[PDB]
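Worksheet: one structure, shown below.
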Protein chains: 6
Amino acid sequence: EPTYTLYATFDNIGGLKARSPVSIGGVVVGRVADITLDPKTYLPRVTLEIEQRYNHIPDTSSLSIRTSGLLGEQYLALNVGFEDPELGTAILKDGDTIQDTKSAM
Amino acid sequence: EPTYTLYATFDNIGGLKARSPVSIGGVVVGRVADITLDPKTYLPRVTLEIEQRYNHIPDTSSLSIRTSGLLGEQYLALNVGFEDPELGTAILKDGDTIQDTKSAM
Amino acid sequence: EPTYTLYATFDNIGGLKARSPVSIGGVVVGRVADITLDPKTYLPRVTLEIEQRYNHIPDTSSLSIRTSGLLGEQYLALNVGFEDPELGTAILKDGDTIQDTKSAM
Amino acid sequence: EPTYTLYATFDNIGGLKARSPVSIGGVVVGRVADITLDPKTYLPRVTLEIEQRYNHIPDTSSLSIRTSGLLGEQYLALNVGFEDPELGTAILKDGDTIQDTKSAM
Amino acid sequence: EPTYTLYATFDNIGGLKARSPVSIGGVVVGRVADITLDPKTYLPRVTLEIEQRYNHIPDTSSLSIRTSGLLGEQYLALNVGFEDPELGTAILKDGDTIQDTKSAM
Amino acid sequence: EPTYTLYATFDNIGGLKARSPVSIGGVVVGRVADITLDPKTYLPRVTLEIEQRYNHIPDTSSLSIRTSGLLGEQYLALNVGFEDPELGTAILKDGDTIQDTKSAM
């Protein structure tokens with residue numbers, strides 16, 4: 001499965017770990033590859049590997065830390081954004097950063 | 001049990017998976033066969049297998065994602081729709097799509 | 001241990017199953033024998049087996065789907081009805097239907 | 001341990017069973033000896049065995065079905081009543097009935 | 001650990017038992033040794049064993065029955081009382097009673 | 001893996017114990033080394049061991065007792081404080097005390 005890399009900074013990653021799934025409408029599209037806490041900014045940075053066939057995600061898209069049911073595992077929900085194509089059509093590409101992140105409750 | 005195939009699009013399938021039950025007032029009438037995320041719409045599409053003896057379901061029928069108790073598994077609740085007697089018998093058959101769906105939580 | 005059979009329609013049986021107990025004020029008096037979908041109404045049809053020593057239950061009696069504590073098993077509570085004696089001797093017998101039912105919400 | 005017998009009728013005994021404890025301020029003083037559903041009145045009747053040393057319980061005392069924590073066992077809580085001794089000092093004795101009972105929620 | 005003995009009367013001890021912990025802000029400082037129901041008052045009396053190194057507890061101190069999380073065990077929370085510096089050092093010793101108690105839930 | 005030690009006072013440590021993790025935005029940076037009762041205040045005194053690579057934490061930083069999901073483990077969230085740089089270089093070192101703490105309620 002070919003993949004591309006995205007990065008995202010959160011204030012709080014909760015119980016998120018390496019190989020946590022990334023999902024759109026509940027379907028897994030990717031994985032967390034790495035979590036490192038930046039020693040300078042003390043903000044956790046997440047590296048994701050997204051399957052190449054999910055390739056048209058607007059850069060206004062957001063990432064959320066969520067839980068499966070009441071007592072299941074943490075995952076990242078990627079919320080596919082809107083961008084008016086009449087005003088430029090910025091798409092997340094290999095090596096891009098998702099700016100809009102929502103941390104563990 | 002011989003089965004027929006129905007399709008349904010949701011915004012979010014939650015923790016629904018292959019072999020999740022489909023029920024009418026809590027009685028199992030079929031199974032989720034397959035879940036795929038369409039790369040064109042980024043909306044999940046579900047393939048269901050419904051037992052052929054439940055073969056007079058009106059096309060007005062709807063599907064809901066629900067949970068068993070507070071803690072338990074996700075399933076699809078099929079809500080049997082109104083059939084106008086004045087204008088004949090518009091019935092789900094192998095390969096039809098249920099238009100009316102409601103997503104997780 | 002001789003039993004008589006009664007029938008009941010629910011909108012929704014929740015997690016009720018074959019061999020779920022039937023109780024009067026919390027004492028087991030019977031079992032669910034069978035659950036199917038009625039092909040005419042697509043409503044769940046429950047078959048119950050009641051011990052023959054509990055044989056003077058008024059047909060005004062009702063059934064409720066209930067749960068043991070929080071997160072325990074589903075069961076049927078049979079609520080023994082009031083009978084106006086000036087219309088009396090209206091008693092549930094083998095094959096009768098309990099009209100007044102309350103489903104799982 | 002010498003015991004005396006008390007009886008109590010409830011509308012609903014919930015998950016109460018033979019050998020369920022009877023307690024005052026959470027300390028076990030007794031046991032359920034028997035539960036029978038009266039085939040005439042369809043009200044559950046409980047027979048208790050109370051340790052003889054707990055012998056001065058006013059007959060205005062009440063019995064409650066309660067649960068240990070959120071998900072533990074059912075028990076009977078005996079709430080020790082008031083009786084003005086200047087107006088007669090009726091005490092529960094061997095073979096007496098507790099009139100004031102509170103059923104499972 | 002050498003211990004000293006304290007007593008305490010509650011209305012209701014809930015699911016407290018022998019070996020239930022006694023704590024100060026969540027740190028274990030002793031154990032429940034014994035629970036007896038006094039047949040004269042029908043109020044539970046608790047015998048506690050407190051570690052001798054916690055030996056300057058003011059007699060104004062109170063005890064609470066509490067639960068660990070939503071699901072877990074009952075324990076006694078000892079709330080360290082105010083000591084008036086103007087009127088000397090009124091301190092719990094072996095065999096003393098804590099007057100100020102608060103019962104289950 | 002070299003660590004430095006910090007100290008912290010709580011009113012109530014809940015179910016926090018030795019080896020409970022310390023986290024910054026959900027990433028483990030350390031461990032609780034020890035919990036005792038301070039003999040002077042009878043308040044819980046917590047010893048923490050933080051990995052030496054996380055060595056520029058402002059002393060305005062706070063600690064909170066938190067739980068993983070609903071009914072999971074207690075841990076300490078270290079909240080990295082704002083520092084007015086015109087009073088800067090006020091940095092937590094081996095042996096320092098975190099003043100700003102939030103207990104289990």
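For the structure tokens, the naming scheme is as follows: chains receive sequential letters (A, B, ...) according to their order of presentation, residues are indexed from 1 within each chain, and ligands are indexed from 1 in presentation order.
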
* Tell me, how big is the Cα RMSD between chain E and chain D, fit done by least squares on all Cα paired in order? -> 0.5 Å

Set out as CSV a contact list for chain A and chain F with a cut-off of 7 Å, giving each residue of chain A that qualifies its closest atom pair and distance in Å to one decimal, counting only C-alpha atoms, ordered by chain and rising residue number.
```
residue,atom,partner,partner_atom,distance
A:11,CA,F:25,CA,5.5
A:12,CA,F:25,CA,3.8
A:13,CA,F:26,CA,5.1
A:14,CA,F:26,CA,4.6
A:15,CA,F:26,CA,6.6
A:37,CA,F:27,CA,6.7
A:39,CA,F:54,CA,6.1
A:43,CA,F:25,CA,6.6
A:44,CA,F:25,CA,6.3
A:71,CA,F:69,CA,6.7
```

* Asked: How many Å separate atom CA of residue 89 of chain C from atom CA of residue 7 of chain C?
  -> 19.5 Å

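If you look at atom CA of residue 65 of chain D and atom CA of residue 64 of chain E, they are 24.0 Å away from each other.
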
* To do: Compile the contact shell of residue 75 of chain E as a list in words: residues with an atom at most 6 Å away, counting only C-alpha atoms, same-chain residues fewer than 4 positions apart removed.
  =>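 Listing them by chain and then by number gives residues 20, 21, 65 and 66 of chain E.
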
* To do: Can you pull out every residue within 7 Å of residue 6 of chain C, counting only C-alpha atoms, but drop anything in the same chain fewer than 6 positions away, and send it as number ranges by chain?
  => C: 47-49, 94-97

Write the residues of the selection above to a file with C-alpha atoms, as a PDB file, in the first residue's frame.
```pdb
ATOM      1  CA  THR C  47     -43.405 -16.956  22.135  1.00  0.00           C
ATOM      2  CA  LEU C  48     -43.371 -17.409  25.963  1.00  0.00           C
ATOM      3  CA  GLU C  49     -43.692 -20.672  28.025  1.00  0.00           C
ATOM      4  CA  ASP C  94     -52.347 -21.849  26.203  1.00  0.00           C
ATOM      5  CA  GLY C  95     -52.257 -20.045  22.807  1.00  0.00           C
ATOM      6  CA  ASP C  96     -53.536 -16.632  24.041  1.00  0.00           C
ATOM      7  CA  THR C  97     -51.893 -13.275  23.067  1.00  0.00           C
TER       8      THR C  97
END
```

* Could you jot down the atom CA of residue 46 of chain B to atom CA of residue 105 of chain B separation for me, Å, one decimal place? =>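 Taking atom CA of residue 46 of chain B and atom CA of residue 105 of chain B, their separation equals 17.3 Å.
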
* DSSP strand (DSSP E) residues within chain D, as JSON, numbers by chain -> {"D": [3, 4, 5, 6, 7, 8, 9, 21, 22, 23, 24, 27, 28, 29, 30, 31, 32, 33, 34, 35, 36, 37, 44, 45, 46, 47, 48, 49, 50, 51, 62, 63, 64, 65, 66, 67, 74, 75, 76, 77, 78, 79, 96, 97, 100, 101, 102]}

What would the file look like if the residues just selected were written as a short mmCIF file (atom, residue, chain, number, x, y, z; two decimals), in the first residue's frame with N, CA and C atoms?
```
data_model
loop_
_atom_site.label_atom_id
_atom_site.label_comp_id
_atom_site.auth_asym_id
_atom_site.auth_seq_id
_atom_site.Cartn_x
_atom_site.Cartn_y
_atom_site.Cartn_z
N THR D 3 -32.07 -18.14 65.67
CA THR D 3 -32.76 -17.23 64.73
C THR D 3 -34.23 -17.17 65.10
N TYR D 4 -34.92 -16.11 64.69
CA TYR D 4 -36.39 -16.02 64.63
C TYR D 4 -36.78 -15.71 63.19
N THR D 5 -38.02 -15.99 62.84
CA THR D 5 -38.62 -15.91 61.49
C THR D 5 -39.43 -14.63 61.37
N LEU D 6 -39.22 -13.87 60.29
CA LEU D 6 -40.12 -12.77 59.90
C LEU D 6 -40.53 -13.00 58.46
N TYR D 7 -41.65 -12.44 58.08
CA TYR D 7 -42.18 -12.54 56.71
C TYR D 7 -42.30 -11.10 56.22
N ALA D 8 -42.26 -10.94 54.91
CA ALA D 8 -42.49 -9.65 54.26
C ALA D 8 -42.96 -9.91 52.83
N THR D 9 -44.01 -9.23 52.42
CA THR D 9 -44.52 -9.21 51.04
C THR D 9 -44.01 -7.95 50.32
N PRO D 21 -28.36 -11.67 52.08
CA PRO D 21 -28.30 -11.08 53.41
C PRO D 21 -29.40 -10.05 53.71
N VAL D 22 -29.73 -9.96 55.00
CA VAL D 22 -30.56 -8.87 55.60
C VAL D 22 -29.60 -8.04 56.46
N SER D 23 -29.57 -6.71 56.34
CA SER D 23 -28.58 -5.85 57.04
C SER D 23 -29.26 -4.64 57.71
N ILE D 24 -28.67 -4.18 58.80
CA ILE D 24 -29.02 -2.93 59.51
C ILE D 24 -27.73 -2.12 59.52
N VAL D 27 -24.63 -3.88 58.38
CA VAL D 27 -24.12 -5.10 59.07
C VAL D 27 -25.14 -6.22 58.92
N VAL D 28 -24.69 -7.38 58.48
CA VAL D 28 -25.60 -8.53 58.23
C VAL D 28 -26.17 -8.96 59.57
N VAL D 29 -27.48 -9.08 59.68
CA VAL D 29 -28.20 -9.53 60.90
C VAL D 29 -28.99 -10.80 60.63
N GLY D 30 -29.04 -11.27 59.38
CA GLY D 30 -30.01 -12.30 58.96
C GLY D 30 -29.85 -12.66 57.48
N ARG D 31 -30.76 -13.51 57.01
CA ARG D 31 -30.76 -14.13 55.66
C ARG D 31 -32.19 -14.28 55.18
N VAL D 32 -32.38 -14.22 53.88
CA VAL D 32 -33.61 -14.73 53.22
C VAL D 32 -33.55 -16.26 53.32
N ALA D 33 -34.58 -16.90 53.86
CA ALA D 33 -34.66 -18.39 53.97
C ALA D 33 -35.43 -18.97 52.77
N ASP D 34 -36.38 -18.22 52.26
CA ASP D 34 -37.33 -18.66 51.22
C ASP D 34 -37.97 -17.44 50.55
N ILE D 35 -38.18 -17.54 49.24
CA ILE D 35 -39.02 -16.64 48.42
C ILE D 35 -40.06 -17.51 47.70
N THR D 36 -41.35 -17.23 47.87
CA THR D 36 -42.37 -17.92 47.05
C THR D 36 -43.31 -16.85 46.54
N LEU D 37 -43.71 -17.01 45.28
CA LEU D 37 -44.75 -16.17 44.67
C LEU D 37 -46.07 -16.85 45.02
N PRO D 44 -44.77 -11.64 45.64
CA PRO D 44 -43.70 -12.41 46.28
C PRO D 44 -43.65 -12.24 47.81
N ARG D 45 -43.60 -13.37 48.51
CA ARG D 45 -43.49 -13.41 49.98
C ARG D 45 -42.10 -13.96 50.33
N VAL D 46 -41.42 -13.18 51.16
CA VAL D 46 -40.05 -13.46 51.64
C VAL D 46 -40.15 -13.89 53.11
N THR D 47 -39.45 -14.96 53.41
CA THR D 47 -39.25 -15.52 54.76
C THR D 47 -37.80 -15.21 55.11
N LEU D 48 -37.60 -14.52 56.23
CA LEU D 48 -36.27 -14.14 56.73
C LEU D 48 -36.00 -14.89 58.03
N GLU D 49 -34.73 -15.15 58.28
CA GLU D 49 -34.20 -15.70 59.55
C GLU D 49 -33.28 -14.62 60.12
N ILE D 50 -33.69 -14.02 61.24
CA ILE D 50 -32.95 -12.93 61.90
C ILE D 50 -32.28 -13.52 63.14
N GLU D 51 -31.01 -13.19 63.33
CA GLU D 51 -30.26 -13.62 64.54
C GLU D 51 -31.00 -13.11 65.79
N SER D 62 -38.92 -0.80 58.51
CA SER D 62 -39.20 -1.09 57.10
C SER D 62 -38.08 -1.93 56.50
N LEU D 63 -38.40 -2.63 55.42
CA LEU D 63 -37.45 -3.46 54.65
C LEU D 63 -37.37 -2.90 53.23
N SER D 64 -36.16 -2.77 52.72
CA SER D 64 -35.87 -2.22 51.37
C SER D 64 -34.97 -3.20 50.63
N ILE D 65 -35.29 -3.43 49.37
CA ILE D 65 -34.38 -4.05 48.39
C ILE D 65 -33.38 -3.00 47.93
N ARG D 66 -32.09 -3.32 48.04
CA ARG D 66 -30.98 -2.39 47.70
C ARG D 66 -29.93 -3.20 46.96
N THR D 67 -28.97 -2.51 46.34
CA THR D 67 -27.82 -3.10 45.61
C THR D 67 -26.51 -2.61 46.24
N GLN D 74 -27.96 -7.81 45.22
CA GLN D 74 -29.15 -7.34 45.97
C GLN D 74 -29.12 -7.87 47.42
N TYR D 75 -29.66 -7.06 48.33
CA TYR D 75 -29.79 -7.34 49.78
C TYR D 75 -31.03 -6.64 50.32
N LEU D 76 -31.44 -7.05 51.54
CA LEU D 76 -32.55 -6.37 52.25
C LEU D 76 -31.96 -5.45 53.32
N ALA D 77 -32.30 -4.17 53.30
CA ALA D 77 -31.92 -3.20 54.33
C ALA D 77 -33.11 -3.09 55.26
N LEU D 78 -32.88 -3.44 56.50
CA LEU D 78 -33.91 -3.27 57.55
C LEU D 78 -33.64 -1.92 58.20
N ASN D 79 -34.58 -0.97 58.08
CA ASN D 79 -34.54 0.40 58.64
C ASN D 79 -35.29 0.36 59.99
N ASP D 96 -43.63 -12.94 63.09
CA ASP D 96 -44.33 -11.68 62.72
C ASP D 96 -44.06 -11.33 61.24
N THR D 97 -44.83 -10.38 60.74
CA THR D 97 -44.77 -9.80 59.38
C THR D 97 -44.33 -8.34 59.49
N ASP D 100 -44.13 -2.72 56.29
CA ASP D 100 -43.62 -1.57 55.48
C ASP D 100 -42.42 -2.05 54.66
N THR D 101 -42.65 -2.32 53.37
CA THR D 101 -41.66 -2.87 52.42
C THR D 101 -41.53 -1.93 51.23
N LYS D 102 -40.33 -1.87 50.66
CA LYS D 102 -40.00 -1.03 49.48
C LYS D 102 -39.29 -1.97 48.51
#
```
